[PDB]
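S.K.: pasting an experimental structure, sequence included:
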Amino acid sequence: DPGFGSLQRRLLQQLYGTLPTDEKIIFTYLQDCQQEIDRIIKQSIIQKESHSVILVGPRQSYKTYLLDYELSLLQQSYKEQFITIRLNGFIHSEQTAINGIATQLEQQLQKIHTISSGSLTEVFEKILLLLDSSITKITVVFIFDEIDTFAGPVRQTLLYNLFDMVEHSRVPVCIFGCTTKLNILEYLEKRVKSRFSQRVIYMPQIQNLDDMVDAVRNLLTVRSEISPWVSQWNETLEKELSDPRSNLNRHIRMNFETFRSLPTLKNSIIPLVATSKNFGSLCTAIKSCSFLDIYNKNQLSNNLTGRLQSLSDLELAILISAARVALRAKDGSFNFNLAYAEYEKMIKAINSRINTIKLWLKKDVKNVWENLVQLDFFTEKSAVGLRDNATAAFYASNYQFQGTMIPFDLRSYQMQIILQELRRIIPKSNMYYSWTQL
Amino acid sequence: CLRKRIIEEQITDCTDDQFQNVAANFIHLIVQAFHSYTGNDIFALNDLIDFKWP
Ligand SMILES: Nc1ncnc2c1ncn2[C@@H]1O[C@H](COP(=O)(O)OP(=O)(O)OP(O)(O)=S)[C@@H](O)[C@H]1O
Ligand SMILES: [Mg+2]
């Protein structure tokens, strides 16, 4: 029937946030901080004042969401009175930020009615005579995303020039910095701090469990009457949220003590609403929550326990022997020779008490050994993983490490999973379970 | 290599089931023989089946 698909599409659109900007919801715990952003940004597109704020809050804490809600709320009327310059702190390095501002000043003033061209000096001067220099001007709203990379501990030239065209300019600017560091004012060089308006507004977090169930109530209820089922779907929702002993409130309660975040709940709820096929099926699927434990089991299906569960028998004996050898050493290192000199000893003690276990030769335990470093059960001795930036992953791509030039069975590996954590997770009905004690 | 063996050996007591059952039995033989060697990897079984078939 084409009656159920409208309800499902409306529910998933509310769950993604892709509504039109008149029924787009704002949760109650972030309605005060949306008022401050609305106050700041509404006295720069209208009153043409200039200032600079920094939004501090963790990841998925609704900073780009609130800012795009304002910039789509200040566009239904005052479309022609502002242009937006959005730039990240990841995809815009401090030399490629100038080309970003020049390309986004050029193509935005085109859509209203060549500054992109030249070298870096000519482009940086072409956008310093444009901004640093009854009628109404045009304001520029700068959106700096992850501003804690432009505030590096060397120069801070882009921040000095952007915060310097706040006091000392004729063009009204309003620059938003979304970051994640709580110690963001300690980053700034002491002459970029003096140009800064010092108005850093911290995003709100969830203080109560009532805020979370009110947020889920705001997200899943339906306001516009599109499908015939909505008159049930609201009420059958509230029966799950008012009763504090149901499954949905219990999953919200265990979300409040774990990762205290609404987008994890959104990614839980979305394949529940989208895999359902009928309205009664959706109703009993949100009654029982038959999917928030299928999905939540699958999210842990291979970390260090759901893929050790899928180990084979020789691989398990090799892992147990290697953890025994690392437990016996001082600092926790071993190699293939010290591991195979425990596999054959353990299996000879298995065949001593008794029908048996076939001892695989060291020509076939090499494949097992390579299959337990491609599942991350062993690391090397001091091998750091992925490097932090892109140059340190280049500086080491030209280095020829000593741990890869020595022969294979002498590389000093290191355990990912100690023998105590191996004792409790192997079932007690195993033929090696007694061998996890020491 | 099997469809020339059925005529090299003068085999007339065969049908398609009589080929697919020995194929599945060979695959189960490689599995119960070599699963403790490889692990749960389809790629390390595919090439063992490719080697030990003819
Ligand atoms: N412009 C947007 N339109 C619709 N939904 C959005 C938008 N921006 C973010 N969301 C959603 O809002 C939730 C989190 O919002 P975000 O703005 O990405 O959080 P955040 O503060 O931007 O994280 P950052 O930028 O890394 S600090 C997610 O469910 C996003 O899918
Ligand atoms: Mg952001």
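M.R.: Yep, it's here. Numbers count the residues shown, from 1 in each chain, chains lettered A, B, ... in the order given. Ligands and ions are numbered 1, 2, ... in the order given.

S.K.: name the nearest residue to residue A:248, sequence neighbours excluded.
M.R.: residue A:240 (4.4 Å; Cβ to Cβ, 6 or more residues apart in numbering or on different chains). C-beta: built from backbone N, CA, C; applies to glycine.

S.K.: residue contacts, the residue lying closest to residue A:313 once chain neighbours are set aside?
M.R.: Ranked by Cβ to Cβ, 6+ apart and with sequence neighbours excluded, the top spatial neighbour of residue A:313 is residue B:36, at 5.3 Å. Taking Cβ atoms under 8 Å, 6 or more residues apart in numbering or on different chains, we find residue B:36 in contact with A:312, A:313, A:314, A:358, A:360.

S.K.: mind running it again at 6 Å?
M.R.: Neighbouring residues of residue B:36 by Cβ atoms under 6 Å, 6 or more residues apart in numbering or on different chains: A:312, A:313, A:314.

S.K.: check residue A:140 too.
M.R.: Each residue near residue A:140 by Cβ under 6 Å, 6+ apart is listed here: A:83, A:85, A:173.

S.K.: can you verify the second one is assigned to a strand?
M.R.: Just to be clear, that refers to residue A:85. Yes - under DSSP: H, G, I helix; E, B strand; the rest coil, residue A:85 falls within a strand.

S.K.: was I right to think it contacts residue A:106?
M.R.: No - counting by Cβ atoms under 6 Å, residue A:85 stays clear of residue A:106, with 11.0 Å between them.

S.K.: counting by contacts, list what the helix or strand containing residue A:97 packs against.
M.R.: Here residue A:97 sits within helix A:96-112, counting by DSSP states H and E. Judged by 3 or more Cβ pairs under 6 Å, 6 or more residues apart in numbering or on different chains; DSSP states H and E, helix A:96-112 is in contact with strand A:82-87, helix A:120-126.

S.K.: and the first one with ligand 2, contact?
M.R.: No - applying Cβ under 5 Å from the ion, one finds that strand A:82-87 is not in contact with ligand 2, the shortest distance being 9.5 Å.

S.K.: what does that strand contact?
M.R.: Here strand A:82-87 makes contact (Cβ under 6 Å, 6+ apart) with A:45, A:97, A:100, A:101, A:104, A:108, A:139, A:140, A:141, A:142, A:143.

S.K.: put the buried members of those residues into a ChimeraX selection.
M.R.: The ChimeraX command for the buried members of the contacts of strand A:82-87 (criterion: 16 or more other Cβ atoms under 10 Å in any protein chain shown) is given here:
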select /A:45,97,100,101,104,139,140,141,142,143
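
S.K.: okay, the contacts of strand A:82-87 in a markdown table with distance to ligand 1 next?
M.R.: Putting these into a markdown table (distance: Cβ to the nearest ligand atom, whole Å) gives the following:
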| residue | distance to ligand 1 |
| --- | --- |
| A:45 | 18 |
| A:97 | 18 |
| A:100 | 17 |
| A:101 | 20 |
| A:104 | 17 |
| A:108 | 18 |
| A:139 | 21 |
| A:140 | 20 |
| A:141 | 15 |
| A:142 | 15 |
| A:143 | 10 |
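
S.K.: relative to chain B, which of the contacts of strand A:82-87 is nearest.
M.R.: residue A:100 (44.3 Å; Cβ to the nearest Cβ).

S.K.: and the angle from the helix holding residue A:97 to strand A:82-87?
M.R.: Counting by axes from the mean of the first three to the mean of the last three Cα atoms, to 10 degrees, helix A:96-112 lies at 150 degrees to strand A:82-87.

S.K.: buried ones in helix A:96-112?
M.R.: Under the neighbour-count criterion of 16+ other Cβ under 10 Å, helix A:96-112 has A:97, A:98, A:100, A:101, A:102, A:104, A:105 buried.

S.K.: possible to save those residues as TSV with distance to residue A:49?
M.R.: Output for the buried residues of helix A:96-112, formatted as TSV (distance: Cβ to Cβ, whole Å):
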residue	distance to residue A:49
A:97	25
A:98	26
A:100	25
A:101	21
A:102	25
A:104	22
A:105	20
